[PDB]
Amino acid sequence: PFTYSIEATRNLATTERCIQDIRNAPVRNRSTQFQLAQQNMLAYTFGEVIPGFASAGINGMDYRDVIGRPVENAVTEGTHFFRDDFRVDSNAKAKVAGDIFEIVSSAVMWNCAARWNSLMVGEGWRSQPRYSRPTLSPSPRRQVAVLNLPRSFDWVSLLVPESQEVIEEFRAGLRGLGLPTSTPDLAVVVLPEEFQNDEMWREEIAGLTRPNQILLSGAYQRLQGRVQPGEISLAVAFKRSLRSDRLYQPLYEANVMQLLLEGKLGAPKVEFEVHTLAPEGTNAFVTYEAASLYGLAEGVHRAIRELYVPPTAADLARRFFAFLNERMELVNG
């Protein structure tokens, strides 16, 4: 659970344990001795808790400590079982904390989307926890999916085939050079009509059990191929902490997205943002005031709309609701 429990740890099958011993079954060209089972860690710490949608304590807790908890719980476990020998590289923690930050924040935006869709479709405005009821006029057409995009993804595959296609007429008359596309961590797309009546988009999850991990993370498949170009509503990049070299992959990808979607496909301004918990060198805010490169060719707006620093789980959800309430005003009911 969120608070460590000697009882629940002793009760885990060895395969569900948060630390895995691999000393006597090692990985080629790796001296890793103990592995951080991040999926188990999600299962154990957020198995029943989705920050911002649980207890008042959790929701308004410092989000840093919320995202820190699994690795803390894992470290406690490891010391219980392997008192002298428990050792994990700082880079094991860095990798896991980054993914847990992406996954949990994507899980908070799932439950928002769900609550929001429920309102849009003519069910209530759910109130546990209480959150400002949106003032937008409901319509099943204003629903949204929140897609935690996977590693190795290409975002152009979200687009409907007509549009993958106009991004190749242009791409074709352009090749030893090309123009590849990568991925935001997360995209918020307008729900496609086909799916506007399906129930899975209105159901909040109770926790990041393995099957709920799978539900959220496979969700992009369902939408591959069915999203129009002005219907990609937000892109997010999660970086837990910042360093000045680690800023540029979102800034590049926002520019490319903007060049293709706005210039070669006619979408409105592509809203792209970055979430961090530790911006240190506030260079970062000034760096993300960068003009969109493509737009300085035409006749202008930002490439990255905002560096956002969430204080609490619940703040994440206020902002995203406020977003939807504003942004889906565009879309017709």
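If you superpose the two forms and keep the largest set of C-alpha atoms that fall within 1.5 Å, you have the rigid core. For every residue, the number given is its place in the sequence shown, counted from 1.
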Returned stretch for higher CA RMS in 5 other deposited structures of this protein, core superposition, given 166 to 174 and 258 to 266, is 166 to 174
Higher Cα RMS in 5 other deposited structures of this protein relative to the shown form (core alignment), 134 to 142 or 176 to 184, goes to 176 to 184
Q.
Where both flanking residues are modelled in the other PDB entries compared, is residue 61 itself missing in a third or more?
A. no
- Item | Unmodelled residue 26 in at least one third of other entries with both flanks present | yes
Here the number of deposited-sequence residues unresolved in the coordinates between residue 175 and residue 176 is 1 to 3
Between residue 299 and residue 300, the number of deposited residues left without coordinates comes to 1 to 3
Going by the entry, of stretches 197 to 205 and 237 to 245 the one with greater average Cα B-factor is 197 to 205
Ranked by mean Cα B-factor in the entry, 212 to 220 and 163 to 171, top stretch is 163 to 171
Scanning 13, 316, 25, 322 for peak Cα temperature factor in the entry gives 25
Max C-alpha B-factor within the set 30, 275, 69, 305 falls on 30
Entry-reported C-alpha B-factor of residue 118 relative to its chain, by third, is middle
So, residue 46's CA B-factor, relative to its chain, sits in which third? The middle
Entry-reported C-alpha B-factor of residue 35 relative to its chain, by third, is middle
Temperature factor at the Cα of residue 268, chain-ranked in thirds, falls in the highest
Of the three thirds of Cα B-factor ranks in this chain, residue 52 occupies the lowest
